[PDB]
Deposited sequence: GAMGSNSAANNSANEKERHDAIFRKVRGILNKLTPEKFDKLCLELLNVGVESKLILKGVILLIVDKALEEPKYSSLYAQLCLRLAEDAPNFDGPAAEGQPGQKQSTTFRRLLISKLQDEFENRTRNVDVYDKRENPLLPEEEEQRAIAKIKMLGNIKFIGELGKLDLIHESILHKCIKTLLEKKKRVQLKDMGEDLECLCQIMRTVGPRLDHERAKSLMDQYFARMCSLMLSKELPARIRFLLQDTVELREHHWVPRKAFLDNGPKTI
């Protein structure tokens, strides 16, 4: 294309970043409409929009919920650019690239944590916080059927895994995140084919809720989650 066409694309991306910056529960409705007006033009523009959204989500995980809703709107309204049958769950360009991108962030954020596996200690603690933010955003997307079962199980597996370095006394926020995910996605993941895997997860959970190394709040949070499953997740 031309140099001006490249400039036009770059100005749109700078605009998308601004919109994401001032995104709030109160402004959502309006800014969401603006984003839809300029961020669905083509495949190329969709790729950048997704890159920026995930960028912001990991910077402010507190708003995962908000950004997840933004992805839902785009998934439903953005036009398809790939080349389905009636009654089949919708499949589009946006949906496909979103799934792909989160798989990418998950791999990079994982590598940042095991980079050491002094000053380096402060670095690891920051990467450990990024990984949790990443997992929380994934949970929120799964809730709206924007990502699949495979990556969710991958999140659960890393949260329950016991590293040699880390000590049982330092897994509070890791275990707290797990209970969050479990209450958010647990019911949809726990179907017949998955009985074996899930049974395995909750056994591991029961043998930790009585640990003297974990705070009171943590082991009470595990007990409440376990009890919910024993009740077939029925309210």
{"item": "Segments lacking C-alpha coordinates (deposited sequence numbering, starting at 1)", "value": "1 to 10, 94 to 97, 132 to 138, 257 to 268"}
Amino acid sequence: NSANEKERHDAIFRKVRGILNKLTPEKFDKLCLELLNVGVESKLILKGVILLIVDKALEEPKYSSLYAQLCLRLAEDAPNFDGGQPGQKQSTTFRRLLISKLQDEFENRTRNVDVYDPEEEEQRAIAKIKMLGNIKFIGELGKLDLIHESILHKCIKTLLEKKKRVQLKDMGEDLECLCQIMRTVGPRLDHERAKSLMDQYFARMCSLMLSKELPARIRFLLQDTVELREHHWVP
From here on, numbers count along this sequence of modelled residues.
| query | finding |
| --- | --- |
| Mean C-alpha temperature factor, higher of 29 to 37 and 50 to 58 | 29 to 37 |
| Segment of higher mean CA temperature factor, 4 to 12 or 225 to 233 | 225 to 233 |
| Selection from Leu168, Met182, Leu189, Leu44 [criterion: highest C-alpha temperature factor in the record] | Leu168 |
| Residue with highest C-alpha B-factor in the PDB entry, from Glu76, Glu122, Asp104, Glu140 | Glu122 |
| Assigned third (lowest, middle, highest) for the C-alpha B factor of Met131 | middle |
| CA B-factor ranking of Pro86, expressed as a third of its chain | middle |
| Chain thirds of CA B-factor: placement of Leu70 | lowest |
| CA B-factor ranking of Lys163, expressed as a third of its chain | highest |
